[PDB]
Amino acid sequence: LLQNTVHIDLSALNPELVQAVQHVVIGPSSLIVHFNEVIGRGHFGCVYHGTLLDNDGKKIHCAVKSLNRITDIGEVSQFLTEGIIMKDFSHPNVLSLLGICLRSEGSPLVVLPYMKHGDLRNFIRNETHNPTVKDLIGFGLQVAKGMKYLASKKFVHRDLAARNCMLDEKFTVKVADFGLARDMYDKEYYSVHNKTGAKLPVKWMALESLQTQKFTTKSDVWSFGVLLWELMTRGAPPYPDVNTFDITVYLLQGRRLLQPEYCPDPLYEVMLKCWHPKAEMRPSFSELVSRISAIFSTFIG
């Protein structure tokens, strides 16, 4: 009934939740964390290279995030819930969750797939610079497919940006920074709606979010648009021009990020529609993949 959590007290939670997390739990024996080897740029002090042994021999290269012990009942239930949700998600352009390794009265371990080429923003910025404009558009198409899947699960991301997507060995893009992969440089776990005072990604936010701080799939669409802009500019900062405190007035005037050179015109059109003042008028992620795909296929311009 509680085969992987029998040794820790989760009685304060809903029993249905607890048995539901069982399949997400990984046993300590199956995981070797290489604590002297930190992942990528060392930008997340709490994430290390790991080796996950599965069913058969199956040795798997992974990224292991260590979190501070969670002592609040509400946050523990949030934590486990997000685990189940991410674990059950399954899409080629959505970062998956291998599982969580739980110990009593201690630090939870988030086990994620190792992403050989790090984050998208940095990738399009160094000299493994093989991507062409068409490839760049291709990356955007992948993000859109990932977002389409998320949206169909009624999952609002709230922080979509090039820095928050990863690339594996086959250069497959994965939308990250969500669920248990959200805020990875933070050792403390925080529920989505329980991180009062958090820094917001102002230059990636939709006009209505900048004023109400409410996010929807439509506001994620606005963010996708800026994400697209980042791609076509190979990682340029949006609005280096305007101060974060002036962004809202800037957009209310109708101003927008300018079309970068080489960015095909119909693609820029896609960006502009993503930045429509009325959220209901923006394209859904389904339509996004359709148009981008069409643009991508009939290009090499």
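Note that residue numbering follows the sequence shown and begins at 1.
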Stretch with the greater mean C-alpha B-factor as recorded in the entry, comparing 170-178 against 124-132: 124-132
Mean C-alpha temperature factor, higher of 215-223 and 97-105: 97-105
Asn14 - which third its CA temperature factor falls in, relative to the rest of the chain: highest
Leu67 by Cα B-factor - lowest, middle or highest third of the modelled chain: lowest
Position of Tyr185 among the chain's modelled residues by C-alpha B-factor, lowest, middle or highest third: highest
Ranked C-alpha temperature factor of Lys199 among modelled chain residues, by third: middle
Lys116 by Cα B-factor - lowest, middle or highest third of the modelled chain: middle
